[PDB]
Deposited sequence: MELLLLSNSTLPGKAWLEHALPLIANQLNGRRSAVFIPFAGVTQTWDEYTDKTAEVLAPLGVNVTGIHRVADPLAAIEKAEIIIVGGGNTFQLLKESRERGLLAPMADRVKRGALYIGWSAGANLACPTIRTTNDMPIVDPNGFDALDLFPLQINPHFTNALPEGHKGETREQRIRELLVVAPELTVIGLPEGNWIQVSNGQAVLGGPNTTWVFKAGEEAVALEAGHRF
């Protein structure tokens, strides 16, 4: 499988997705057709959310269509080469994806070879559940299970308290590995390898285990 899981969309003083572009270009391998899943977004229209993405990705050879702007979103996902899931509120992203019947189709399509790109809430969505979001529960998504494409739990926007909240999750779910993925960092899953990248310190939390700092290039 091919995933790019970004903690966040925009580095300080940089353009939205700028740090992601070389990573995407390296991973596309000729893919062009993309669907954008805008449903995490709340305060911006989805329509407008889809254009920013198309703007910066069109030069990379990516044709982005918003899944809210196509007549048959299930078929759009089934035919897409790339699934792009933006940031915003993770609960609303999951609620809409579930209610619209798109969650299993997106997972199936990535399993069948599509590239998945997600940042923020879209990185959460790739995991088994959304239990490690920082977001407020503004809507009930009717289940916390998510795409289950990446087997570890990501806590994006990580900064430490946050470790104590993660430690409570590890009491109720002691089998989990939680990755505190700071802004600026990402996990790129490609050609059979999950690789950490970015300049800030990443942490991993497991039950009963002291926090472990992970270096850029670490392989999960």
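Only residue range 161-169 of the deposited sequence, counted from 1, carries no C-alpha coordinates in the model.
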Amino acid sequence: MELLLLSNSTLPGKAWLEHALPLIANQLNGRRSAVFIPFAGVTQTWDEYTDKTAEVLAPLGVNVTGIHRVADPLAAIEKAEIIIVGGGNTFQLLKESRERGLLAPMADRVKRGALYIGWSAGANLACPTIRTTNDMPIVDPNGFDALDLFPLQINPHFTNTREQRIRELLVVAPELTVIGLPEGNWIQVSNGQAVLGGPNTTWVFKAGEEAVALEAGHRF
From here on, numbers count along this sequence of modelled residues.
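Between 114-122 and 69-77, the higher mean Cα B-factor belongs to 69-77.
As the entry records it, the average C-alpha temperature factor is higher for 48-56, out of 48-56 and 171-179.
Across the residues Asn160, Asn63, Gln27, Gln153, the deposited record lists the maximum Cα B factor for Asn160. Per the PDB entry, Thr43 shows the highest C-alpha temperature factor of the residues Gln188, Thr43, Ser33, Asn185. Sort the chain's modelled residues by C-alpha temperature factor and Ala213 lands in the middle third, per the entry.
In the deposited entry, the Cα temperature factor of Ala104 sits in the top third of values across the chain's modelled residues.
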